[PDB]
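To start, the structure under review is shown below, and the notes come after it.
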Amino acid sequence: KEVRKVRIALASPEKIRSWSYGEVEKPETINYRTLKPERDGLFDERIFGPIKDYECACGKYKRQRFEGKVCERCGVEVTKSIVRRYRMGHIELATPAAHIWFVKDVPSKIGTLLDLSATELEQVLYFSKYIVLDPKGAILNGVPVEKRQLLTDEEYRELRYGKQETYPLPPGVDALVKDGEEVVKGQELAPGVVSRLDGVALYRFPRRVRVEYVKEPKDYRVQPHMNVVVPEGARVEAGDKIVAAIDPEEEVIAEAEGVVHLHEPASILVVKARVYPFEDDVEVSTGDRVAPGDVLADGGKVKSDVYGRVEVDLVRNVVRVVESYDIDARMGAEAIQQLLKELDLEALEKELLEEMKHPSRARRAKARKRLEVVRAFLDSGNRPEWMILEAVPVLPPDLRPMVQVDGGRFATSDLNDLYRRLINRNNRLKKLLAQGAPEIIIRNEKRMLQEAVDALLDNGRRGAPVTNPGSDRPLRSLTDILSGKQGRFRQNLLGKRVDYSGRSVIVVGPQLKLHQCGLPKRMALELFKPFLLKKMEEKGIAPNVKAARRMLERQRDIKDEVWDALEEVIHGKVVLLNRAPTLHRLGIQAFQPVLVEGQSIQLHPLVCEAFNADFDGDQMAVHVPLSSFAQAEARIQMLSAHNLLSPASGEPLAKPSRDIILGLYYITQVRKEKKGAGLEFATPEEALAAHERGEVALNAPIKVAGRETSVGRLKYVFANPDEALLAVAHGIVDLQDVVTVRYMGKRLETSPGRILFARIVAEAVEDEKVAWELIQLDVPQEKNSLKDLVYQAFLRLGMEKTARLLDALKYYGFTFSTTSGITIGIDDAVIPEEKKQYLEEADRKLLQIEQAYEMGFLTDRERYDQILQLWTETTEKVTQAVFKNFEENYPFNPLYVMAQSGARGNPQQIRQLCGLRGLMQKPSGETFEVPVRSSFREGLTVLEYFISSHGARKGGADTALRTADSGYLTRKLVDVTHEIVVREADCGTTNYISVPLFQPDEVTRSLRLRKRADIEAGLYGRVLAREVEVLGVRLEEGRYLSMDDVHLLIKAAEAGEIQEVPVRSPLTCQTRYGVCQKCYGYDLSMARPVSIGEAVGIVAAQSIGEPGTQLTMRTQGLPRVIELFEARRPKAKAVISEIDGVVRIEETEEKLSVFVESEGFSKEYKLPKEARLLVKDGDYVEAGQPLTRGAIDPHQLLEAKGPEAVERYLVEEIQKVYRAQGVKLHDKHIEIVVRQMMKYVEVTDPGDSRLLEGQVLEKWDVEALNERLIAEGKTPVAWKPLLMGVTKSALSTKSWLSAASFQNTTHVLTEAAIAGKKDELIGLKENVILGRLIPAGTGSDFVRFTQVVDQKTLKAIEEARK
Amino acid sequence: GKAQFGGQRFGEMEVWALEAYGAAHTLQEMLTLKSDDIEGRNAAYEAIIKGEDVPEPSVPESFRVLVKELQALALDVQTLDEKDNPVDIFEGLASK
Amino acid sequence: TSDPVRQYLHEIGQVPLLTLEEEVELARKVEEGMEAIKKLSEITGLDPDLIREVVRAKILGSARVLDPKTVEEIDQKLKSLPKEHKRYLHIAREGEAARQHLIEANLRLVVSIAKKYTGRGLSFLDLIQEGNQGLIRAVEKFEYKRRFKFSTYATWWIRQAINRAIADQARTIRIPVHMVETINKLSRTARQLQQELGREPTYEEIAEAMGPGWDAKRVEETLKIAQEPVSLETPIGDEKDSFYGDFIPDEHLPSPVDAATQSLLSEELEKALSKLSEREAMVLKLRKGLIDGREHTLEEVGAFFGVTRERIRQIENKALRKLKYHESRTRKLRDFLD
Amino acid sequence: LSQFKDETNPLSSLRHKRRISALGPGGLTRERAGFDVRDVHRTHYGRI
DNA sequence: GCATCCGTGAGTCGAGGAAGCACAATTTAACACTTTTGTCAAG
DNA sequence: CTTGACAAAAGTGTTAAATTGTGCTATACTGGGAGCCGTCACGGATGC
Ligand SMILES: [Mg+2]
Ligand SMILES: [Mg+2]
Ligand SMILES: [Zn+2]
Ligand SMILES: [Zn+2]
């Protein structure tokens, strides 16, 4: 069968014993000399199976013939050794031990069921306070003892063994109270010591005995080794023994008849007891417990009158009943187990339902939590008493191996040590119980057993972590194995090490195609080793596979035909290149390997930006897909030439880069001269003749008669591009000169470089007209123009022609950057003549400010602010001067060309190289008053360098502490939206979102058109929900909005015809466990409608998390994004109006108050004094509209306006941060993540359902329950929308596997085990953990069952069937 | 590690990239056939050296270790089928 | 509460220390109770162990988990005895109670003894509990007639129990007590020689100093045995992202190459055996274990085919020679021999 | 703090002997350290 | 409504590997002797 | 195809030597030692 669901539930002791093949009774692991496992040990062959396949311990059966047989001599079953990895054991605990996962995991589930606090549960479990299970008529301090009452050690001893005290008398003094007399509290016993409790007083050690002979008060002295054997006031006849001693020589006897009197006791024992004299034999014995009315002695004549412990004193021959109660009080996990057994879940559920109606909110919340736990136990079918372990399971020994390394040393895991400690403590407890150890020792050993069980289950959670003696390293328990970044889930389940994988340093390959990479010969031989062996076997290179492998083992034994065979193997196959970190989905790309001589991987330049890979020492990994499915997926979906557009924004990602852009811009830029630059003539011949006279330059802009042209456009008229480029080759004209060409029947006035670029595009796309329509010939080719050209080529031609154009552009750009002559010199950083003047003006203004400050016209703070403003203005002016100097005097300056073309550098860096470094910041954040007036070309001073080092180190630390946060946020986004897949073509929903085209600017307080980039990010590749009529164009419902449609909508908005665009979005998608094709829109990586089965959730998470590193960190930047995704309450939260109305300001010196007034309601908000109010008197504010500048609390906005408003606010605020950094990200991803955030609701009115008020569930589930209740006429469940962060939403998912593998593994696992949650394997993480086919991509049910058949076989089937 | 002649770590982020591409079969191979499916990897190697296609992969050993450790934590982890009947992924080797 | 040792010390601090007189009376009561149990067993004829267990269960009360019904029956039988025997029953009960009190009141002594044995592979509380076991044994064997205080006799048993527990439970791989003593003596001798010579001694000097019957080889083997196993989870590196288990290959399960070559060898052998006759191939498979069973002897195969041993040997040799001829003429099976 | 010596070149060992680490036993930790310890204080002039 | 203790989390690769002593109960190396073949002559 | 003689290979039955495990030391000892520390933010109960 096929695994479809995974169920986790509590394991009963009977089930645990059923799992085990035998009880592990000894802690011995292996023998030290023979190295064989010891019998009944942690590694016993009799329990966990044989060490080697088909071989018993006794060495009698050694073959597969006796398969499934258990040897009679040794007991080891004759089977495969691999069962050693799968056969478990069990340890039968002498006393029950509570599972720590159900004790210290707040809220304590056992405590929740028993209504016991964490402290009380810890005290009871770890033997600190007793708990009563049967009072047995016990009265404490005048209050009868009730059940479930906690008793300390003193209280338990008082109730169980009675009250007793010992007062030690000083030597020599005689007690004032006779032996066997009742005394009251405060009564003096001896002259130096007084009693503290009422009871019978007894002599402990009489030091002197005073016998009164009758014929003589003879006295005898008693020593510690002598014991009196007669009572006080007893008649002793001559010869009777009086005092017994070790030596009969010193034994004291009576000479004649007398009366024995005891005197001088060592101490007095006062016990709260009743004394009964007796004459005949007693019916009871010492240690028993009696009740009033019970017979004690004399055959019923003497009857007990009070509960207590009975003890017979033969010396005084009386029966003492100490007043005590046979109270049943216990500690440890046995009492907890008994209490959980006694619970009736039905009665508890009924009581909790009754209590749920209490008006108190805290009472209702507590009842809801307890009732949720009870309902989980009831529905799961588990028993509460299963939470306390009676038999501890034992992991198979191969999962905790004791291996022998090649060096002879033994390596073992910490689980062996934990099991050894547990077994030792259990056996010691068994021995102590068998030996009748006292209560203290037994209690201590039971506490040790409980602590050992806790350490085995989860080490370090409670108390000091258990460490191996001789070191302070905590032992690795099962919880530590299964939790954390180094746990099983994140290290061996979600990610694994793979075979057929290599790694090497990458180098740039310009000669490679976009779909090719340079795989080294040795790496290809090692990675394709099995295929190479098969190919060598096919040919005559080797006789068989073994000979081929032996040949390949030695480097000098490899012939020359092996390389030819390897080349034959890799024909058609592709390999996956990977570079860590894989920030987005293009970090792994399929390339067609090309064998190269060397050891470094050759990487195509164009994909480098996709890989975020430079060639300063990067390393990349190579993986080899094996089967036909993997090869088809790599060649069709994962191919580098097939992923030309970025899925995040839809713009091209494999586009011309630094050197390519530099070369194309250099050739496509025209020359501007200044020789003539204005001279006007009458006829063109005059201008030409002046040109040969040298008065005017070739490219100098002149006027011939009325029009403005140049000498080049008149002197050089080329009939076709071939003649122009032939003249360029001969050196008559340059690529940067402006001449007249006849292209496509049009007399253009352009440069031969631009005509050459047009020809390049035409030859690359093999279509002159389309290529002409794609390019813009009137501007130099910068990065943006090349990107637009690539996108237009992708739209008009397809992937293959776009890849060909990309390769041609790369080749030509590289060649022209090589031959153009771009170089960086110290004089290329031109110092403007205006910098000195600006610095002098700044110095004069600073001197004026200082003089004014000395005059007292301004204070320190505003003087510092003015200095900062002055220096910022000076820096901006210097930047403008630098760029004006470049664009006027040196238009082809390498720094200017690189900055303008976008190949490298930004205006700030060009300023630092050419202008001034500027202001710098202190480590505390303040900026230095004096700036760094010297640039890098002039050279900084030591002090200026030290000042700049502060900012440099701050930026480095910011990047270091920001990369981890960005990665963790990306992990959260992946784990919360891992289940989102395109699962159907259309869900049929009628809801939508109105994307606004106008933003309400507050400085003008009016609607202004948003930026084109924002509208494109919010509308490109989206399905129109409603038909839109703009500019005579009717976009029907269900039409995908392309870039042309977005531009048309933008133009219509500019014409004032449309205010907002209604589009279908994932927020309004009704598809369960995913989205629909018509709601997602285009697949931005292909500029076509999304294919059904794509994992859009993972794509969205990666797209959002990739530019997290680029966001500035320094409520702004990446922390703002994090607090937005987590729905955290901002510290400087804004104040919003809960209800709509007219605003009224009551600003007073005492307090600041804002009133929202309505027809019958009036709300008051007490604002802080330093609040930047953005609303004035006489304004109409709506519900949720902010009143103070700041960050809106998402929960307050959701509760004030509604789910749509809070979703829109979240999307807009998240997108604002990316806009501020220049990163273009489509709103689909943010909307998907927000939809995942808004997936949960809270029940307010249970209605006709079993749900509880305040319970949090999924919106889809409650909607289904509501429609089901409506179908058969029942009161619907009232629910309130709930917003939670990505962490809380991911942790509360229905599938326990993904939640456990994400975070809080212990809590998720314990909740799932208690509730018996069954994982349906809906998302992608669970299938990854189980290694199944994920329900996305080729594994989606929509396309998984597609069948391909030829014509002939299909016709045969039809003919043979019909 | 190169010194120990080990493979390349295919961590979580690479799995996310494969899921984003939708390469379900490649991801399954890299999780089972090429990593820890003992019978699966042995059969795949035998098929490749024989010129045949690799067989369908099976349950990884890592999931078996997960199940056994969860059982050692006294948690009953059971894998079910469409009809909710228990499914033995250990091929009867752990059944008494 | 958080510190188990603190809680245990607080618990043992609630039992006042025994004076000399109290110690003597408790020891005398224990001796008298043992003698009374002996007399009761002699008279009633019951097992002394059974009577002692019944008396101990009655003394400890019902707060303890043989079924209690037989304990009650035995107690009723003992109480049915006349007064001269109920006297011994009461003496036994008082002796058991005194034994419990005496054991309870000497926990400070065992704590003080065990505080000097810490750091030898066992935790403090484990040493305390093993010393408690030794203390119980000492109370069982203590005699007050010799007039020696209880501490003097109890210390021997407590330290003996602690040392035995350290020898038997401080190592993951258990080593017998005699070998533990040998290792300890070897370590002491090595340390003494090391401090005497001012350098680490070689095995020859250690063996010479140990005594007769010891050589360098035996010292080396003893040191090799005394090597504690190394943990598989010891981190290596500044970051806590590596462990020993990540560098130890698994050499038990066959590698994919090994399984592949085994399958290839099986297929080639099956193809080669096709050239043999039907009977010869079956005989060779039976004689070489190709039927997954142990190689059947000549007599077993002969009885299976109803043939004598000599003919089976002859046909097996002839078939082996034919296979050798085929291999020589083909050479398609030599590479698998290695 | 006892690190395996880096002696690729004499300058390597010379720098390694003159390194100052805020980590180690009793010191800070890689992921327990904020911006306060990682910044260049004004007193680092001429000393670090 | 708020101060406070507790628990959980904080990027990816790679390259870093301190007694002895006596005495009885259990195991096993060393042999000695039948038992069982593996093979060889006899055709 | 069979019918007897040989020459080891393995198993059975003692034999003590080696190894292993439990019992016993009688002046008097009567409550532990190591920590110990530079982080922030966010649930979430725990009380006042
Ligand atoms: Mg780099
Ligand atoms: Mg001309
Ligand atoms: Zn066996
Ligand atoms: Zn939809």
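Labels for the structure tokens follow display order: chains A, B, ..., residues from 1 in each chain, ligands from 1.
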- Interface residues on chain A facing chain D, 9 Å, only C-alpha atoms, written as a list in words: residues 922, 923, 924, 943, 946, 947, 949, 950, 951, 953, 954, 957, 958 and 961 of chain A
- Query: Would you list which chain B residues are within 7 Å of chain A using only C-alpha atoms, as a PyMOL selection string?
  - Reply: chain B and resi 7-14+16-17+19-26+28+30-32+34-35+45+48-51+53-54+59-60+62-63+68-69+72-82+87+93-94
- Query: Using only C-alpha atoms (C1' of nucleotides), which chain C residues lie at most 8 Å away from chain F, written as an MDAnalysis selection string?
  - Reply: chainID C and resid 5 9:10 12:13 17 106:112 115 148:149 151:153 156 176 311
The selected residues should be written to file as a PDB file, in the first residue's frame (atoms: C-alpha atoms).
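Saved result, out.pdb, follows:
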```
ATOM      1  CA  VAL C   5      21.170  17.529  46.777  1.00  0.00           C
ATOM      2  CA  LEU C   9      20.165  17.278  52.780  1.00  0.00           C
ATOM      3  CA  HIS C  10      17.067  19.058  54.085  1.00  0.00           C
ATOM      4  CA  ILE C  12      18.089  14.009  56.193  1.00  0.00           C
ATOM      5  CA  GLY C  13      18.434  17.006  58.508  1.00  0.00           C
ATOM      6  CA  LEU C  17      21.665  12.400  65.536  1.00  0.00           C
ATOM      7  CA  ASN C 106      22.968   7.638  59.904  1.00  0.00           C
ATOM      8  CA  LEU C 107      22.441   9.386  56.561  1.00  0.00           C
ATOM      9  CA  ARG C 108      24.686  12.287  57.574  1.00  0.00           C
ATOM     10  CA  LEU C 109      27.550   9.813  58.007  1.00  0.00           C
ATOM     11  CA  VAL C 110      27.090   8.358  54.523  1.00  0.00           C
ATOM     12  CA  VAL C 111      26.835  11.847  53.012  1.00  0.00           C
ATOM     13  CA  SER C 112      30.095  12.810  54.734  1.00  0.00           C
ATOM     14  CA  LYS C 115      31.469  13.728  49.619  1.00  0.00           C
ATOM     15  CA  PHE C 148      32.414  -0.234  69.341  1.00  0.00           C
ATOM     16  CA  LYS C 149      30.469   2.753  68.061  1.00  0.00           C
ATOM     17  CA  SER C 151      30.360   4.806  62.862  1.00  0.00           C
ATOM     18  CA  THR C 152      33.548   2.719  63.011  1.00  0.00           C
ATOM     19  CA  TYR C 153      31.886  -0.411  61.626  1.00  0.00           C
ATOM     20  CA  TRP C 156      33.954   0.210  56.206  1.00  0.00           C
ATOM     21  CA  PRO C 176      35.253  -6.444  36.372  1.00  0.00           C
ATOM     22  CA  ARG C 311      29.690 -40.718  -7.602  1.00  0.00           C
TER      23      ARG C 311
END
```
- Task: Could you give me, as a ChimeraX atom specification, every polymer residue with an atom at most 6 Å away from an atom of ligand 2, counting only C-alpha atoms (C1' of nucleotides) and all ligand atoms?
- Result: /A:715-717
File dump, residues just selected, C-alpha atoms, as a PDB file, in the first residue's frame:
```pdb
ATOM      1  CA  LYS A 715      29.883  65.280 -45.509  1.00  0.00           C
ATOM      2  CA  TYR A 716      29.258  61.545 -45.001  1.00  0.00           C
ATOM      3  CA  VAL A 717      26.047  60.111 -46.468  1.00  0.00           C
TER       4      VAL A 717
END
```
Please identify every residue of chain A that has at least one atom no farther than 12 Å from an atom of ligand 4, counting only C-alpha atoms and all ligand atoms, and for each give the shortest atom pair and the distance in Å to one decimal, arranged by chain then increasing number, as a Markdown table.
```
| residue | atom | partner | partner_atom_place_in_ligand_line | distance |
| --- | --- | --- | --- | --- |
| A:980 | CA | ligand 4 | 1 (Zn) | 12.0 |
| A:981 | CA | ligand 4 | 1 (Zn) | 11.4 |
| A:982 | CA | ligand 4 | 1 (Zn) | 9.2 |
| A:983 | CA | ligand 4 | 1 (Zn) | 9.6 |
| A:984 | CA | ligand 4 | 1 (Zn) | 8.4 |
| A:985 | CA | ligand 4 | 1 (Zn) | 8.5 |
| A:986 | CA | ligand 4 | 1 (Zn) | 6.0 |
| A:987 | CA | ligand 4 | 1 (Zn) | 4.7 |
| A:988 | CA | ligand 4 | 1 (Zn) | 6.8 |
| A:989 | CA | ligand 4 | 1 (Zn) | 5.9 |
| A:990 | CA | ligand 4 | 1 (Zn) | 8.8 |
| A:991 | CA | ligand 4 | 1 (Zn) | 8.8 |
| A:992 | CA | ligand 4 | 1 (Zn) | 9.3 |
| A:1022 | CA | ligand 4 | 1 (Zn) | 12.0 |
| A:1023 | CA | ligand 4 | 1 (Zn) | 10.6 |
| A:1025 | CA | ligand 4 | 1 (Zn) | 10.9 |
| A:1063 | CA | ligand 4 | 1 (Zn) | 11.3 |
| A:1064 | CA | ligand 4 | 1 (Zn) | 7.5 |
| A:1065 | CA | ligand 4 | 1 (Zn) | 7.4 |
| A:1066 | CA | ligand 4 | 1 (Zn) | 6.3 |
| A:1067 | CA | ligand 4 | 1 (Zn) | 8.4 |
| A:1068 | CA | ligand 4 | 1 (Zn) | 6.5 |
| A:1069 | CA | ligand 4 | 1 (Zn) | 3.2 |
| A:1070 | CA | ligand 4 | 1 (Zn) | 4.9 |
| A:1071 | CA | ligand 4 | 1 (Zn) | 5.4 |
| A:1072 | CA | ligand 4 | 1 (Zn) | 9.1 |
| A:1073 | CA | ligand 4 | 1 (Zn) | 11.1 |
| A:1074 | CA | ligand 4 | 1 (Zn) | 8.7 |
| A:1075 | CA | ligand 4 | 1 (Zn) | 5.5 |
| A:1076 | CA | ligand 4 | 1 (Zn) | 4.6 |
| A:1077 | CA | ligand 4 | 1 (Zn) | 7.3 |
| A:1078 | CA | ligand 4 | 1 (Zn) | 6.5 |
| A:1079 | CA | ligand 4 | 1 (Zn) | 4.7 |
| A:1080 | CA | ligand 4 | 1 (Zn) | 7.7 |
| A:1081 | CA | ligand 4 | 1 (Zn) | 10.2 |
| A:1232 | CA | ligand 4 | 1 (Zn) | 11.6 |
| A:1235 | CA | ligand 4 | 1 (Zn) | 11.9 |
```
Using C-alpha atoms, can you write the selected residues to a file as a compact mmCIF listing (two decimals), in the first residue's frame?
```txt
# COMPACT_ATOMS: atom_id res chain seq x y z
CA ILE A 980 0.20 27.39 -1.31
CA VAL A 981 0.00 25.86 -4.80
CA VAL A 982 -2.02 26.68 -7.92
CA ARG A 983 -4.58 23.88 -7.63
CA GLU A 984 -7.31 24.77 -10.14
CA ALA A 985 -7.93 26.89 -13.22
CA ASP A 986 -10.72 28.93 -11.63
CA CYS A 987 -12.45 28.79 -8.25
CA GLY A 988 -15.45 30.81 -9.45
CA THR A 989 -15.18 33.48 -6.76
CA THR A 990 -16.79 36.87 -7.39
CA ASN A 991 -14.68 38.86 -4.92
CA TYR A 992 -11.77 41.07 -5.96
CA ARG A 1022 -3.39 40.13 -13.16
CA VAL A 1023 -6.88 39.07 -14.23
CA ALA A 1025 -12.53 40.88 -12.32
CA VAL A 1063 -8.52 42.80 -10.21
CA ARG A 1064 -8.62 39.25 -8.88
CA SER A 1065 -6.02 38.59 -6.19
CA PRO A 1066 -5.02 35.66 -3.95
CA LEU A 1067 -6.53 37.56 -1.01
CA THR A 1068 -10.00 36.94 -2.47
CA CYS A 1069 -9.17 33.45 -3.79
CA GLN A 1070 -11.52 30.78 -2.44
CA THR A 1071 -9.31 27.79 -3.32
CA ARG A 1072 -8.61 25.55 -0.34
CA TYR A 1073 -4.96 24.85 0.53
CA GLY A 1074 -3.77 27.05 -2.33
CA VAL A 1075 -4.81 29.45 -5.07
CA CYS A 1076 -6.30 29.31 -8.56
CA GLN A 1077 -4.84 30.06 -11.98
CA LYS A 1078 -7.22 32.94 -12.71
CA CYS A 1079 -6.46 34.60 -9.37
CA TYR A 1080 -2.66 34.39 -9.46
CA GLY A 1081 -2.33 35.70 -13.02
CA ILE A 1232 -0.23 35.54 -0.59
CA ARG A 1235 -3.66 35.78 3.11
```
- Task: Residues of chain C no more than 12 Å from chain D, counting only C-alpha atoms: send them over as an MDAnalysis selection string.
- Result: chainID C and resid 237:240
Store the residues picked out above in a file with C-alpha atoms, as a PDB file, in the first residue's frame.
```pdb
ATOM      1  CA  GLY C 237      35.640  23.747  16.044  1.00  0.00           C
ATOM      2  CA  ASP C 238      34.676  27.153  17.415  1.00  0.00           C
ATOM      3  CA  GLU C 239      31.141  26.742  16.068  1.00  0.00           C
ATOM      4  CA  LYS C 240      28.864  24.035  17.470  1.00  0.00           C
TER       5      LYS C 240
END
```
At most 7 Å is the cut-off: for each residue in chain C with any atom that close to an atom of chain B, write down the nearest atom pair and the distance in Å rounded to one decimal, counting only C-alpha atoms, chain first then increasing number, as CSV.
```
residue,atom,partner,partner_atom,distance
C:256,CA,B:42,CA,4.6
C:259,CA,B:42,CA,6.5
C:260,CA,B:46,CA,5.1
```
Within 10 Å of chain D, which residues of chain F show up when using only C-alpha atoms (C1' of nucleotides), listed as a PDB file with N, CA and C atoms (P, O5', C5', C4', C3', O3' and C1' of nucleotides), in the first residue's frame?
```
ATOM      1  P    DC F  37      28.423  36.354  37.339  1.00  0.00           P
ATOM      2  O5'  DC F  37      27.224  37.018  36.534  1.00  0.00           O
ATOM      3  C5'  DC F  37      27.318  38.371  36.070  1.00  0.00           C
ATOM      4  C4'  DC F  37      27.737  38.386  34.621  1.00  0.00           C
ATOM      5  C3'  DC F  37      26.765  37.692  33.675  1.00  0.00           C
ATOM      6  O3'  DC F  37      25.659  38.529  33.290  1.00  0.00           O
ATOM      7  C1'  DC F  37      29.005  37.029  33.192  1.00  0.00           C
ATOM      8  P    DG F  38      25.872  40.015  32.725  1.00  0.00           P
ATOM      9  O5'  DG F  38      26.939  39.832  31.558  1.00  0.00           O
ATOM     10  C5'  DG F  38      27.679  40.950  31.049  1.00  0.00           C
ATOM     11  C4'  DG F  38      26.999  41.506  29.820  1.00  0.00           C
ATOM     12  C3'  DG F  38      26.654  40.462  28.765  1.00  0.00           C
ATOM     13  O3'  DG F  38      25.521  40.888  28.005  1.00  0.00           O
ATOM     14  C1'  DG F  38      28.240  41.942  27.879  1.00  0.00           C
ATOM     15  P    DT F  39      24.220  39.954  27.872  1.00  0.00           P
ATOM     16  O5'  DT F  39      23.881  39.976  26.319  1.00  0.00           O
ATOM     17  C5'  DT F  39      24.506  40.923  25.442  1.00  0.00           C
ATOM     18  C4'  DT F  39      23.463  41.666  24.640  1.00  0.00           C
ATOM     19  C3'  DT F  39      22.337  42.292  25.451  1.00  0.00           C
ATOM     20  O3'  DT F  39      21.891  43.418  24.695  1.00  0.00           O
ATOM     21  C1'  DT F  39      21.493  40.466  24.167  1.00  0.00           C
ATOM     22  P    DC F  40      20.748  44.419  25.241  1.00  0.00           P
ATOM     23  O5'  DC F  40      19.699  44.451  24.037  1.00  0.00           O
ATOM     24  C5'  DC F  40      19.570  43.315  23.196  1.00  0.00           C
ATOM     25  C4'  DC F  40      18.438  43.494  22.210  1.00  0.00           C
ATOM     26  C3'  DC F  40      17.154  44.038  22.805  1.00  0.00           C
ATOM     27  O3'  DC F  40      16.414  44.723  21.805  1.00  0.00           O
ATOM     28  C1'  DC F  40      16.917  41.710  22.283  1.00  0.00           C
TER      29       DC F  40
END
```
- Enumerate the residues of region 404-522 of chain A with a DSSP assignment of alpha helix (DSSP H), computed from the backbone, and present them as a PyMOL selection string. chain A and resi 414-434+439-457+478-482+488+521-522
- Message: Should the cut-off be 10 Å, what would the residue list for chain C against chain E look like, counting only C-alpha atoms (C1' of nucleotides), as a PyMOL selection string?
- Response: chain C and resi 117+120+160+163+181+184-185+187-188+234-239+242-248+297-299+309-310+313
Kindly provide the residues of chain A that approach ligand 3 to within 6 Å, each paired with its closest atom pair and their distance in Å to one decimal, based on only C-alpha atoms and all ligand atoms, listed by chain and increasing number, as JSON lines.
```
{"residue": "A:56", "atom": "CA", "partner": "ligand 3", "partner_atom_place_in_ligand_line": "1 (Zn)", "distance": 3.8}
{"residue": "A:57", "atom": "CA", "partner": "ligand 3", "partner_atom_place_in_ligand_line": "1 (Zn)", "distance": 4.9}
{"residue": "A:58", "atom": "CA", "partner": "ligand 3", "partner_atom_place_in_ligand_line": "1 (Zn)", "distance": 4.1}
{"residue": "A:59", "atom": "CA", "partner": "ligand 3", "partner_atom_place_in_ligand_line": "1 (Zn)", "distance": 5.5}
{"residue": "A:60", "atom": "CA", "partner": "ligand 3", "partner_atom_place_in_ligand_line": "1 (Zn)", "distance": 5.3}
{"residue": "A:61", "atom": "CA", "partner": "ligand 3", "partner_atom_place_in_ligand_line": "1 (Zn)", "distance": 6.0}
{"residue": "A:71", "atom": "CA", "partner": "ligand 3", "partner_atom_place_in_ligand_line": "1 (Zn)", "distance": 4.2}
{"residue": "A:73", "atom": "CA", "partner": "ligand 3", "partner_atom_place_in_ligand_line": "1 (Zn)", "distance": 5.2}
{"residue": "A:74", "atom": "CA", "partner": "ligand 3", "partner_atom_place_in_ligand_line": "1 (Zn)", "distance": 4.3}
{"residue": "A:75", "atom": "CA", "partner": "ligand 3", "partner_atom_place_in_ligand_line": "1 (Zn)", "distance": 6.0}
{"residue": "A:76", "atom": "CA", "partner": "ligand 3", "partner_atom_place_in_ligand_line": "1 (Zn)", "distance": 5.6}
```
- Specify as an MDAnalysis selection string all residues of chain E found within 9 Å of chain B, counting only C-alpha atoms (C1' of nucleotides). chainID E and resid 12:15
- residue 157 (chain C): which residues within 8 Å, counting only C-alpha atoms (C1' of nucleotides), same-chain residues fewer than 2 positions away excluded, as a PyMOL selection string? chain C and resi 131+134-135+137-138+153-155+159-161
- Item | Selection within 6 Å of ligand 1 by only C-alpha atoms (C1' of nucleotides) and all ligand atoms, output as an MDAnalysis selection string | chainID A and resid 613:618
- Task: For chain E, report every residue with an atom at most 9 Å from chain A (counting only C-alpha atoms (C1' of nucleotides)), formatted as a ChimeraX atom specification.
- Result: /E:7-13
